[PDB]
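What follows is the residue order along each chain.
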Amino acid sequence: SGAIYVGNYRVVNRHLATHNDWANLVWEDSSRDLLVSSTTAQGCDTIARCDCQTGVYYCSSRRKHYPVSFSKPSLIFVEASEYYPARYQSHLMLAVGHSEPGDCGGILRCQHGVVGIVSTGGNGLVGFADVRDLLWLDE
Ligand SMILES: CSc1ccccc1CC(=O)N1CCC[C@H](CCO)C1
Ligand SMILES: [Zn+2]
């Protein structure tokens, strides 16, 4: 679990969004596993605006942060589950690093700020949904 709070917005994994998130929906993209809902309070997370391929992510299944090298956002494969059937996930970045179910929502950060959130992973790999292209989160 986990979310990003920037201004009057809450960014969560679309498969983990609550009834409240859907009742205050701003934007969602099933292919990206993202959903953004509105909030009454002001968020202070800084979104990174860069092309970094190194950063640190929080791994709840180990209560630890890990440094990782990650790929550029791209279209990659995901099987099925209570949430989606096989499809290409867009805007996804992979890194070699520990993850298993429950780890979705952990933040990936670089020196410039928030890069993305854990969304998938498998056999020793972890997948992050990028948020750096969503320029409207700041305005
Ligand atoms: C860190 S998730 C993980 C890691 C290792 C193993 C298994 C998982 C769970 C997982 O991969 N999924 C269930 C939730 C939806 C995911 C796709 C989202 O577009 C797929
Ligand atoms: Zn950066």
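Everything here concerns the structure above.
Residues numbered from 1 in each chain as written, not as in the entry; some residues may be left out. Chains lettered and ligands numbered in written order. Heavy atoms only, no water.

(A) Highlighting the coordination of the zinc ion (ligand 2). In the first shell of the zinc ion (ligand 2), the protein supplies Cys 50 (SG), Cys 52 (SG), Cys 110 (SG) and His 112 (ND1), at 2.2 to 2.4 Å from the metal. Bound by 4 donor atoms, the zinc ion (ligand 2) shows angles of 101 to 116° at the metal and therefore tetrahedral coordination geometry. Between consecutive donor residues of the zinc ion (ligand 2), the sequence gaps follow C-x1-C-x57-C-x1-H. With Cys 50 in the loop between β3 (34–44) and β4 (54–59) and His 112 in the loop between β8 (107–110) and β9 (113–122), this pair connects stretches of sequence that are 62 residues apart. According to the relative accessible area criterion, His 112 is partly exposed, its value standing at 38%. (Donors = N, O, S within 2.8 Å, 3.2 Å for Na, K, Ca; no water. Tetrahedral: all angles 85-135°; square planar, octahedral: opposite > 155°, others 65-115°. Helix = DSSP H or I, 4+ residues; strand = E, 2+ residues; numbered from the N terminus. Buried < 20%, exposed > 50% of the residue type's maximum accessible area, 1.4 Å probe, protein only.)

(B) A look at the pairing of β4. What you see with β4 is a clean split: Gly 55, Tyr 57 and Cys 59 sit on the buried side and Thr 54, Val 56 and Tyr 58 on the side with no burial. Judged from the 6 bridges that link them, β4 and strand β5 (residues 64–69) form a sheet pairing that is antiparallel. Pairing of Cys 59 across the sheet is with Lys 64, part of β5. The turn joining β4 and β5, which pair antiparallel and follow one another in sequence, is formed by 4 residues; a positive phi near 50° is taken by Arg 63. One ladder, built from 2 bridges, connects β4 with β8; its direction is antiparallel. When the sheet's bridge partners are listed, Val 56 is paired in β8 with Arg 109. (Pairing = 2+ DSSP bridges.)

(C) Geometry of the site of ligand 1. Inspection of the region around ligand 1 gives 15 residues, with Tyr 83, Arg 87, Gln 89, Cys 104 and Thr 120 positioned closest. One of the side-chain nitrogen or oxygen atoms of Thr 120 is found 2.9 Å away from an oxygen atom of ligand 1. Relative to its unbound accessible surface of 490 Å², ligand 1 loses 87% to contact with the protein. Those elements giving two or more residues to the shell around ligand 1 turn out to be β7 (87–96) and β9. Ranked by residue count, the leading element in the shell around ligand 1 is β9, at 4 residues. Among the residues making up the shell around ligand 1, the classes are represented as 6 nonpolar, 6 polar and 3 charged. (Near = heavy atom within 4 Å. Polar contact = N/O pair within 3.5 Å; in protein donor to acceptor, adjacent residues only side chain to side chain. Areas by Shrake-Rupley, 256 points an atom, 1.4 Å probe, with all protein chains shown as cover. Nonpolar A, V, L, I, M, F, W, Y, C, P; charged D, E, K, R; others polar.)

(D) Just the state of the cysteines, in detail. Going through the model one piece at a time under the given rule, you end up with 0 disulfides. Between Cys 59, a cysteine without a disulfide, and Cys 104, which holds the nearest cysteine sulfur, the sulfur-to-sulfur distance is 11 Å. A relative accessible area of 0% places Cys 59 in the buried class. (Disulfide = S-S within 2.5 Å.)

(E) Local environment of the packing of aromatic side chains. Here the structure, examined in full by the defined rule, presents 5 aromatic pairs. Each ring, one from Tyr 9 and one from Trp 136, has its centre 5.5 Å from the other, and the planes form 90°; the classification is edge-to-face. Here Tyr 9, found in strand β1 (residues 4–13), pairs with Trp 136, found in the segment after β10 (125–130); they are 127 residues apart in sequence, far enough to count as distant. Ring centres of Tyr 57 and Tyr 66 lie 5.9 Å apart, and the angle between their planes is 40°; on these two criteria the pair is classed as tilted. One aromatic cluster is present, built from ring pairs that chain together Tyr 57, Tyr 66, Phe 70 and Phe 128. Looking at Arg 87, its charged tip hangs above the ring of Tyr 84, at a distance of 3.7 Å from the centre. (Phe/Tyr/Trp six-rings, centres within 6.5 Å; stacked < 30°, edge-to-face > 60°. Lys NZ or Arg CZ within 6 Å of the ring centre and 35° of its normal.)

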